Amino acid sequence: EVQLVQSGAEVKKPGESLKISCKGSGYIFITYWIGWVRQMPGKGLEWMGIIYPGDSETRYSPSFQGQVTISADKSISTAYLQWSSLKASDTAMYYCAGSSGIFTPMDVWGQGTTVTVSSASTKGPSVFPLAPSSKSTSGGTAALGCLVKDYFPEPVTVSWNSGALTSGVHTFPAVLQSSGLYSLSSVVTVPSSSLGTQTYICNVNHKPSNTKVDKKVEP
C-alpha cells in the first residue's frame, strides 16, 4: 500500500514563484514514476508531465513544455512542480500520480493541492441571516439560512448549532464574484414548530482571516 502526500493549499499573487511538493512512502517505490495532473475548477483532468526519481528523467506534455518545471529529490523521496511566474490562469487543483512504470496506469494518487492565484487580498466574510418567515415555510417545515459574502480566499466552514444540527442542511458551493471575492450560502430545513423553542445559530469560520462569526437567525 503505497501512499502519496502532497503539500498544503497555496494562495499566491500573480507573478510570484510557487513550488509544491509530493512525498511518497512505500517499499516498492524505486519502480514508481511520479507524474502531475492539473484539474481546473469544474473541468476534467489534464496531464502535465512525469519524472522518474532515480535518474530525474522528465517528460513533459507539449501543452506544459517550458511552462512548468518538474523536479525530484530521491534523498527524501519527494517530487516537485515549480512555476517561475504564476498567472491567474493557473488557478487549479494539482494532483501527483504514482505509477510503477512509464506507459502503465497511475495507481497511487495524492490528496491534491489547491493553488489559488489572484490579485485579491485576504478579506473576512460578512455573515447575514436569511430570516425564516411565512415566505420560508412549507407548512410543517421552515427553511432558514446564513449568507456569507465577500471573503477571500477559500475555504469557509459553516456549521449550525456548532455541528449539532446536521440533518437537512445544505451548504452551497462558493461562487466567485466579479469583485474577486467569494460568496456562499448555507441553509437548513427545520420543523416550523421549533422556531421559538430552539435557537438556530450558524458558525462561519475563515481560518485565513481568523474571522469567527456566530450569527443568530430568527424570524
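Sequential numbering from 1, following the sequence displayed.
Averaged over their C-alpha atoms, the temperature factors of 138-146 and 100-108 are higher for 138-146. As the entry records it, the average C-alpha temperature factor is higher for 26-34, out of 173-181 and 26-34. Within the listed group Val127, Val115, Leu81, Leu86, the record reports its top CA B-factor for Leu86. When the modelled residues of the chain are ordered by C-alpha B-factor, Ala131 sits in the highest third. The entry lists a Cα temperature factor for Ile70 that places it in the lowest third of the chain's modelled residues. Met40 sits in the middle third of its chain by CA B factor, as recorded in the PDB entry. Ranked within its chain, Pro62 lands in the middle third, by CA B factor from the PDB record.
For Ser77, the recorded CA temperature factor ranks within the highest third of the chain's modelled residues.
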